[PDB]
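Peer 1: Here you go, one structure.
Protein chains: 2
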Amino acid sequence: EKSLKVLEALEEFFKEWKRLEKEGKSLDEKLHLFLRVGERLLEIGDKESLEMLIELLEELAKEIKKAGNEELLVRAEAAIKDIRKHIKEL
Amino acid sequence: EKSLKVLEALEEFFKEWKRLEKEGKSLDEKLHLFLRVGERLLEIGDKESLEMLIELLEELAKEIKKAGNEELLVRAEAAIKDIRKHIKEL
Ligand SMILES: [Zn+2]
Ligand SMILES: [Zn+2]
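Heads up: the protein sequence lines correspond to chains A and B, in order. Under our numbering, read the first sequence as residues 1 to 90, first letter to last. Under our numbering, read the second sequence as residues 1 to 90, first letter to last.
Shown next, in the form of structure tokens:
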């Protein structure tokens, strides 16, 4: 049933990511989506779903750094580091 | 049905906060619980349930400041600022 929970979380993430991408709905909404899905998958406790989340969060971090938002970058980097440490300890 | 989702989120928050206060857990599990509940309440559409979370997160940040962790206080402060801005815009 853990696999079913991971599948539901990933389906929600995919649908929300697709809807956000075919729009212009700011970087903050995308970061909130990533953080929500990351916390859900951390309460589930499965790897191989947090590593792709980490890679996509690095993509978002690059996008934010190329822009002019210095307060969103610190939250993105803190989330990335925390998820990396949790993956290492998981 | 919005109120029912808010009630479910608050029920999960209360139960897990009771658990984490009972079994002497780390200061990171509490922050992860707060972030999870805050993101869920931000996603629905609720205020007047996000100000109590702001109060409790301010108390948790006060606890973190006098603990000895500096890379954990930045995440809490960033979350407080983002939730406060979203409350203002909501
Ligand atoms: Zn953590
Ligand atoms: Zn935000």
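Note that beta-carbon positions come from the ideal geometry of N, C-alpha and C, so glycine has one too.
1. Establish whether the CB of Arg19 of chain B and some CB of chain A are separated by less than 8 Å.
2. Can you tell which of A:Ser49, A:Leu72 and A:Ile87 has its C-alpha closest to the C-alpha of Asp82 of chain B?
3. Identify every run of the beta strand (DSSP E) within the stretch 8-57 of chain A, keeping only runs that are complete inside it and at least 3 residues long; order them along the chain.
4. Can you tell which of B:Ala9, B:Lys88, B:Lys85 and B:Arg75 has the C-alpha that lies nearest to the C-alpha of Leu35 of chain A?
5. Run through chain B and tell me which residues come within less than 7 Å of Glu89 of chain A, C-beta to C-beta.
6. Given that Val74 of chain B touches chain A, what residues does it touch there, using C-beta distances under 7 Å?
7. Exposed or buried, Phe14 of chain A, counting other C-beta atoms within 10 Å across all chains shown (16 or more means buried)?
8. Between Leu50 of chain A and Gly45 of chain B, what straight-line distance do the alpha-carbon atoms span, to the nearest angstrom?
9. Using the beta-carbon of each residue, find all residues closer than 7 Å to any heavy atom of ligand 1 and list them in chain order.
10. Is DSSP giving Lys5 of chain A helix, strand or coil here?
11. What would DSSP say about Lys66 of chain B, mapped onto helix, strand or coil?
12. Kindly list, in the order they appear in chain A, the residues whose Cβ is closer than 7 Å to that of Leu57 of chain B.
13. Using the Cα positions of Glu43 of chain B and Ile80 of chain B, report the straight-line distance between them to the nearest angstrom.
14. Spatial neighbours of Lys65 of chain B within its chain, please: CB distance less than 8 Å, with the 5 preceding and 5 following residues excluded, ordered by chain position.
Peer 2: Checking against the coordinates, here is how it stands:
1. no
2. A:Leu72
3. none
4. B:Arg75
5. Near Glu89 of chain A there are no residues of chain B at all, since even the closest Cβ is about 11 Å away, more than 7 Å.
6. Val74 and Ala78
7. exposed
8. 27 Å
9. A:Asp82, A:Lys85, A:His86, B:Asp28 and B:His32
10. helix
11. coil
12. Within 7 Å Cβ-Cβ: nothing; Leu57 of chain B doesn't reach chain A, min ~14 Å.
13. 16 Å
14. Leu73
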